[PDB]
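Taking it in order: structure first as structure tokens, then the write-up.
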Amino acid sequence: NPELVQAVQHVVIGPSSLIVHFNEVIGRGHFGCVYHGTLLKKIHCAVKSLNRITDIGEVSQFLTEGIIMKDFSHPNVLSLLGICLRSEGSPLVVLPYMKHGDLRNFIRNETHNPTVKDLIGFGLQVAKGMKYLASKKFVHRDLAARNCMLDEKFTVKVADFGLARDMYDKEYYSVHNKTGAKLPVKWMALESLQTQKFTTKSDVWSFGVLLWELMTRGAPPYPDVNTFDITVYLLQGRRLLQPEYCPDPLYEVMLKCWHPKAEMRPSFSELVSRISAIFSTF
Ligand SMILES: Fc1ccc(-c2cnc3nnc(Cc4ccc5ncccc5c4)n3n2)cc1
């Protein structure tokens, strides 16, 4: 498609400008692995392979869906460095290197031992990136602690969307839902599990879950709820319990994020205010 081609060409990177270390895997997704690469004056970057997508139609659909990523610019949103097209193989997606990897592995690491304040700060950052994406009317559909990255300045990048989209930890995606496709059902809003529709308000639901992951330092949500039972569990009005070290007012925020009525849930702009106030009392 010539239109998709014009868009891609805005961000194309010539094969000569990119060195990829295929012996240095730093990420594993369903569409391909992530590698240490260098972009040219050498910039250290992360190179996401799409090679597992071999069908040209599907490659076209993925590029079509994710290309808008080049139009986003915000300190808490992961940016696109470019796309490297070559003579043999699927396009390589080139992204900025994130020195501290994904937020979930970061807060789970026991030498790190992040404080309550550090954790609420991380959540404030995500709230702000999500606030920007919502203002662009972009719906994420897979927000979770595993899907936010941390750069060398400990700035949190909302990630795993657009051209970087993939399943980077397979254990938390299940076919036990109405679509039959692999979905993150334990981060999904109740109405999304029922109607298969995703909105910014269902993103807010996910953000609530991510907040919970933060305060538990990366505990898996509903460890005792089988993927078969997640929908009925939420229908009965049950929710994630308050983490031991979560401040009461922040747990109140989580609960609002999981209000059964989508319209009744806060906006990300409101969440930035409330969490910013909570963070400041630390
Ligand atoms: F163990 C895990 C858990 C999660 C991820 C994950 C989540 N969302 C993402 N969005 N884009 C990327 C690629 C991407 C971009 C820059 C990176 N920088 C350093 C290391 C890996 C990277 C991967 N990711 N990656 C990777 C490894």
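FYI, in PDB author numbering the residues of the sequence shown are 1059 to 1098, 1103 to 1344.
No residue lacks a Cβ here, since even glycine has one placed at the ideal position from N, Cα and C.
Cβ pair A1108, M1192 closer than 8 angstroms | The residue you call residue 1108 lines up with position 46 of the sequence shown. The residue you call residue 1192 lines up with position 130 of the sequence shown. Not a contact, by the Cβ cut-off of 8 angstroms.
Local Cβ density within 10 Å of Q1187, reported as buried at 16 or more and exposed below that = Numbered from 1 along the sequence shown, position 125 holds the residue referred to as residue 1187. Buried, because 16 or more other Cβ atoms sit within 10 Å of the Cβ of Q1187.
N- and C-terminal bounds of the beta strand (DSSP E) containing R1086 = One-based indexing of the sequence shown puts residue 1086 at position 28. Unbroken beta strand (DSSP E) run through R1086: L1076 to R1086.
Whole angstroms is fine: what's the gap from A1196's alpha carbon to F1223's?
-> In the sequence shown, counting from the first residue as 1, residue 1196 sits at position 134. In the sequence shown, counting from the first residue as 1, residue 1223 sits at position 161. The alpha-carbon of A1196 is positioned some 13 angstroms away from that of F1223.
So is the beta-carbon of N1175 under 7 angstroms away from any non-hydrogen atom of ligand 1?
-> Mapped onto the sequence shown, residue 1175 falls at position 113. Flag unset: Cβ of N1175 not near ligand 1.
Would you identify the three-state DSSP class for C1319, choosing helix, strand or coil?
-> The count along the sequence shown starts at 1 and reaches residue 1319 at position 257. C1319: helix per DSSP, three-state reduction.
Run through DSSP, which three-state label would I1115 get?
-> On the sequence shown, residue 1115 is found 53 positions in, with the first residue counted as 1. Of the three classes helix, strand and coil, the one that applies to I1115 here is coil, per DSSP.
Got a sec? Which residues, its chain only, sit under 7 angstroms from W1274 by beta carbon, not counting five neighbours each side?
-> Position 212 of the sequence shown, counted from the start, is the residue given in the question as residue 1274. Same-chain partners within the cutoff: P1283, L1302, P1305 and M1316.
Can you check the segment 1115-1183 for any alpha helix (DSSP H) of at least 4 residues that lies completely inside it and give the ranges in chain order?
-> List check, alpha helix (DSSP H) in window: 1118-1128 and 1165-1170.
Output the distance between the C-alpha atoms of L1125 and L1296, rounded to the nearest integer angstrom.
-> In the sequence shown, the residue the question calls residue 1125 occupies position 63. In the sequence shown, the residue the question calls residue 1296 occupies position 234. In a straight line, the C-alpha of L1125 is about 35 angstroms away from that of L1296.
Alpha carbon to alpha carbon, how far is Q1298 from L1062? Give it in angstroms, no decimals.
-> Along the sequence shown, one-based indexing puts residue 1062 at 4. Along the sequence shown, one-based indexing puts residue 1298 at 236. In a straight line, the C-alpha of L1062 is about 45 angstroms away from that of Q1298.
Beta-bridge pairing of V1070 - partner residues as DSSP gives them = Within the sequence shown, numbered from 1, the residue matching residue 1070 stands at position 12. DSSP output for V1070 lists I1145 as bridge partner(s).
When we look at the beta-carbon of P1073 and count the other beta-carbons within 10 Å, is it buried (16 or more) or exposed?
-> As a first step, residue 1073 must be located in the sequence shown, where it is residue number 15. Answer is exposed; the Cβ neighbour count stays below 16.
Could you name the residues that DSSP lists as bridge partners for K1219?
-> For the purposes of this step, residue 1219 is taken as residue 157 along the sequence shown, with counting starting at 1. BP columns for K1219 point to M1211.
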